[PDB]
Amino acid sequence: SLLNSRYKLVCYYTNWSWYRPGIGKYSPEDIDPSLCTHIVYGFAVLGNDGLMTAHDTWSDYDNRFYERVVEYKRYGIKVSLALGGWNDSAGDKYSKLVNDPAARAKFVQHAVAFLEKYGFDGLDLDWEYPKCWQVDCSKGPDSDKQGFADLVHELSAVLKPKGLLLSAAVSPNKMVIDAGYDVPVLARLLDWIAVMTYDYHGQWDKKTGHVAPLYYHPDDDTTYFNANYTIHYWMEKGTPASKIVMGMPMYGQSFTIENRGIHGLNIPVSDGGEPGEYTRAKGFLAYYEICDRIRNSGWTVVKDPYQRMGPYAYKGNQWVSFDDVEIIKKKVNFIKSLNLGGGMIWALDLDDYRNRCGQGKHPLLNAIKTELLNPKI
């Protein structure tokens, strides 16, 4: 079992996946307890009073979603609550908090009481990002770095004596890592660091690219935009391998390409791809939306024979890059070879949990589990 192994498999849960039609609906009881060692509930948010608060009272509270995910502690899974996420990280409110010691002191006592009220095992910090607010390093003050480090210390000082966990989801981008993170302090105090080794490329690049390359590719604009560089950089900055869990995407980045005639990497893009029926977000497709396009709508798949990155698929002017089972096995062997703490997925509700594509239920996540449990490297 994963729980008896030397590896973590940290699964993000998202409360908003409930609000999807038909088979895209995901509920707490859809969580497969054999596939995760840790479940992280996305998200709670930062209230205007500087205190953590529920993001969606109808699900989290009225329909007892918090309690129904904390249910999984009964299997020996550790269940944490994540604070933040992309939308909540817009603007200055996390910076205002961490630069104000009085506000941090108030926040910390309330946050631990909040976790204990609902039975969470710990807190996951997902501020995107200290200093580089929503990856704009011109926006935030340098002092976000020390402020975040002191927030992590102050949370640790209250959580650790109670046996509660503290983790963070962190940038894979060199520039953001350098500006936002006091890596030695975080590495010492956090129980794990979930490196978000995905979203390296997307519609914002104005050209096609892979959501989550593992190794450098000769046509890359930089040597930094791949999981191999990112994970080694976190270690170079002072993170122990055992503290790192490597993120893997259960989804793809989609693109509307400018001309249907060329369809390779780095080709011009006019917009995000057309939204999926279930996830309804331009530029984004769940794995179960992608595999259906390939299986039943004739999308053409291009693989990398050197396995530096997963596949992409295209049809007409639509183009999506994503991870398949093959590249996932390669990434998990990479995790094992570096003796990392384990793997992480974003997110439970985006894998093909319903077996819509006939590859079995949870094909990507089961591929991770099987390779993590395989002794050979």
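Sequential numbering from 1, following the sequence displayed.
- Mean CA temperature factor is higher for 160-168 when stretches 160-168 and 237-245 are set side by side in the entry.
- Here the stretch with the larger average CA B-factor, out of 256-264 and 113-121, is 256-264.
- Going by the entry's values, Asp49 shows the largest Cα B-factor out of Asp49, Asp351, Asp323, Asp56.
- Of the candidates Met196, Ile231, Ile177, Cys137, the deposited coordinates give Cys137 the top C-alpha B factor.
- Split the chain's modelled residues into thirds by C-alpha temperature factor. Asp126 is in the lowest one.
- Per-chain ranking of the deposited C-alpha B factor places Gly91 in the highest third.
- In this PDB entry, the Cα temperature factor of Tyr312 sits in the middle third of its chain's modelled residues.
- Compared with the other modelled residues of the chain, the Cα B-factor recorded for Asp62 ranks in the highest third.
- In the deposited entry, the Cα temperature factor of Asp205 places it in the highest third of its chain's modelled residues.
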